[PDB]
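Note sheet for the following structure.
Each residue takes its place number in the sequence, starting with 1.
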Amino acid sequence: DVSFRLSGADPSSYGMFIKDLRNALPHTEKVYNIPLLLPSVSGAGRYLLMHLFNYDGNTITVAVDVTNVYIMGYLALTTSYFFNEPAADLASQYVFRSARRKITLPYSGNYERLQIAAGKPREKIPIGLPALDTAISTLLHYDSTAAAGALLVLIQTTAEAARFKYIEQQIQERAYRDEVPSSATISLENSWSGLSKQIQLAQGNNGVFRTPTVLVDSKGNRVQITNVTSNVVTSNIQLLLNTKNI
Ligand SMILES: CC(=O)N[C@@H]1[C@@H](O)[C@H](O)[C@@H](CO)O[C@H]1O
Ligand SMILES: *[C@@H]1O[C@H](CO)[C@@H](O)[C@H](O)[C@H]1NC(C)=O
């Protein structure tokens with residue numbers, strides 16, 4: 001399992017957590033020196049448990065599918081909660097079975113559905129360490145509309161930061177002040193599957209993407225990534241979604 005405490009958190013302890021989160025995901029091969037997540041994992045070992053503690057020391061445990069860093073659901077005291085989608089129903093066969101009750105949230109875990117539930121796109125929702133403290137708190141007691149925004153903050157400050165060193169750094173810059181994500185951050189989130197696939201297709205194509213990926217850079221400028229020499233590939237991305245899942 002991995003753990004993160006908001007009480008006393010700072011950039012260093014958050015970076016320790018994101019390192020532990022990346023290290024908890026199994027991989028047998030690296031592609032262009034980036035860990036390649038597994039095609040599949042059977043049974044309970046598919047799910048990583050992340051123990052998150054708010055500033056007061058209250059906790060939720062979040063289950064994450066290790067093949068794709070997707071959060072499936074979470075446990076808060078004696079209640080489990082899962083997205084309304086078959087992968088999360090499957091996960092509920094393995095994790096948090098000791099909960100006294102299981103609630104299926106009234107949306108799936110994808111960004112489009114969560115933003116509809118929350119009433120706002122993630123361009124407008126601040127993220128940071130304080131926002132993560134608020135999100136954990138929100139999730140302690142059921143409120144499906146509030147939970148959708150909390151889950152948009154939780155997914156970006158845990159999974160997305162694990163996938164991309166740029167997003168990890170964005171959250172560290174927001175350790176004591178939330179701020180909406182940069183458009184670069186949104187672009188990377190939306191591009192993770194495409195980048196993961198193109199980096200894998202470049203292995204028998206001399207390092208060249210079969211199809212360019214368009215990203216927004218740190219200045220708001222839209223840019224084409226065409227091969228593995230780009231800084232997105234050599235520096236930023238940390239985990240590849242296996243093409244078997246794309
Ligand atoms: C950890 C998690 O659940 N993450 C996903 C994010 O990976 C994905 O791009 C988005 C789909 O739009 O859905 C969120 O659920
Ligand atoms: C590869 O990537 C860089 C941009 O990072 C670009 O300048 C270069 O000319 C590209 N080369 C090919 C072969 O696509």
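For the pair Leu38/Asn242, no side-chain contact is recorded, criterion being any heavy-atom separation below 4.5 Å from C-beta on. Side-chain contact between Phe164 and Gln170 is absent, with no heavy atoms from C-beta onward closer than 4.5 Å. Residues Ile225 and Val214 are not in side-chain contact: their nearest non-hydrogen atoms beyond the backbone lie 4.5 Å or more apart. Here the side chains of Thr104 and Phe83 are not in contact, with every heavy-atom distance at 4.5 Å or above. With contacts defined as side-chain heavy-atom distances shorter than 4.5 Å, the pair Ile60/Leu75 does not qualify. Between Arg174 and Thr157 the shortest side-chain heavy-atom distance does not fall below 4.5 Å. Side-chain atoms of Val95 and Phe82, non-hydrogen and from C-beta on, do get closer than 4.5 Å to each other. Contact annotation: the side chain of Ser196 approaches that of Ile237 to within less than 4.5 Å [non-hydrogen atoms, C-beta and beyond].
Salt bridge status for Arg163 with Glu160: present, with a side-chain N to carboxylate O gap under 4.0 Å.
Contact record, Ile125 with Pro181: O-CD, 3.4 Å, taken as the closest heavy-atom pair. Nearest approach of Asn84 to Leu105, heavy atoms of both residues: CB-O, 3.3 Å. Scanning both residues, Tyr14 and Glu168, for their nearest heavy atoms gives CE2-O, 3.7 Å. For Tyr166 against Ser182, the heavy-atom pair with the smallest separation is OH-OG, 2.7 Å. When all heavy atoms of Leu152 and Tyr111 are compared, the pair lying nearest together is CD2-CD2, 3.4 Å. The two residues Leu139 and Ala76 have their closest heavy-atom pair at O-CB, 3.6 Å.
Checking side-chain atoms of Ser13 against main-chain N and O of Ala9 turns up no donor-acceptor pair under 3.5 Å. Counting only distance, with no hydrogens or angles, the side chain of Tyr32 and the backbone of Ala202 share a donor-acceptor pair below 3.5 Å. Side-chain N or O atoms of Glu85 include one that pairs as donor or acceptor with a backbone N or O of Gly109 at under 3.5 Å. The backbone N or O of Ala131 lies less than 3.5 Å from a partner atom in the side chain of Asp178, making a donor-acceptor pair. Of the possible polar contacts, none joining the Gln224 side chain to the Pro212 backbone as a donor-acceptor pair under 3.5 Å is found. Using a distance-only test at 3.5 Å, with no hydrogens or angles considered, a donor-acceptor pair links the side chain of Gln203 to the main chain of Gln200.
Identified under the salt bridge (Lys or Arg N to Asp or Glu O under 4.0 Å) test for residues 48-64, with sequence neighbours left out: none. For residues 196-234, no residue pair satisfies the ring-ring contact (aromatic ring centres under 6.0 Å, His included) rule, not counting sequence neighbours. Residue pairs meeting the salt bridge (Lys or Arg N to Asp or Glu O under 4.0 Å) criterion with at least one member in residues 40-52, sequence neighbours excluded: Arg46-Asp65.
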Legend entry - Pair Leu77-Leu140, side chain to side chain contact (heavy atoms under 4.5 Å, CB included): steps then yes or no: CA-CA 7 Å; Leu77 190 17; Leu140 296 169; over 6 Å; no

Inset, instruction - Decide yes or no on side chain to side chain contact (heavy atoms under 4.5 Å, CB included) for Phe96 and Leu49, but give the supporting numbers first. - result: CA-CA 10 Å; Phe96 311 147; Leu49 303 178; 3.9 Å; yes

Inset, instruction - Could you please spell out the steps behind the side chain to side chain contact (heavy atoms under 4.5 Å, CB included) verdict for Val2 and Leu48? - result: CA-CA 8 Å; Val2 294; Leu48 165 70; 4.3 Å; yes

Inset, instruction - List the steps and the verdict of side chain to side chain contact (heavy atoms under 4.5 Å, CB included) for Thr234 and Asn33. - result: CA-CA 8 Å; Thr234 56; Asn33 205 35; over 6 Å; no

Using residues 215-223 as the side-chain source, report each donor-acceptor pair under 3.5 Å to any protein atom, sequence neighbours left out, with the distance given to one decimal.
from: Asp217; atom 1: OD1; to: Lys219; atom 2: N; distance (Å): 2.8
from: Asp217; atom 1: OD1; to: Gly220; atom 2: N; distance (Å): 3.2
from: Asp217; atom 1: OD1; to: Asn221; atom 2: N; distance (Å): 3.0

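Distance check: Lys30 NZ to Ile34 CD1 gives 10.0 Å after rounding to the nearest 0.5 Å. Annotation: the span from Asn205 atom CG to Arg210 atom CZ amounts to 3.5 Å, rounded to 0.5 Å.
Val66 and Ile246 fall within the same hydrophobic cluster, where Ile, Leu, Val, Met, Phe, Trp and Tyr residues are linked whenever their side-chain heavy atoms come under 4.5 Å apart, directly or through other members. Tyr74 is connected to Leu90 through a chain of hydrophobic side-chain contacts under 4.5 Å among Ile, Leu, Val, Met, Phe, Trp and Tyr, so both are in one cluster.
Partner of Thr79 under the side-chain hydrogen bond (donor to acceptor under 3.5 Å, both in side chains) criterion, out of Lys102, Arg101, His141, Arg100: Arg101 alone. Exactly one residue among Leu240, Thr211, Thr243, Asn245 makes a side-chain contact (heavy atoms from CB on, under 4.5 Å) with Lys197. That residue is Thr243.
Considering only residues two or more places apart in sequence or on other chains, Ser191 meets the side chain to side chain donor-acceptor pair (under 3.5 Å) condition with none of them. Contacts of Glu189 classified as salt bridge (charged side-chain N to carboxylate O under 4.0 Å, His left out), with partners at least two apart in sequence or in another chain: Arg122.
With hydrogens and angles left out, the side-chain atoms of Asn110 and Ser108 include a donor and acceptor closer than 3.5 Å. In this structure, a donor-acceptor pair under 3.5 Å is present between the side chains of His51 and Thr61. Between the side chains of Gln198 and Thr213, no donor-acceptor pair is found at a separation under 3.5 Å.
Within the cation-pi definition used here (under 6.0 Å to the ring centroid, within 45° of the axis), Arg113 does not qualify as a partner of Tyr107.
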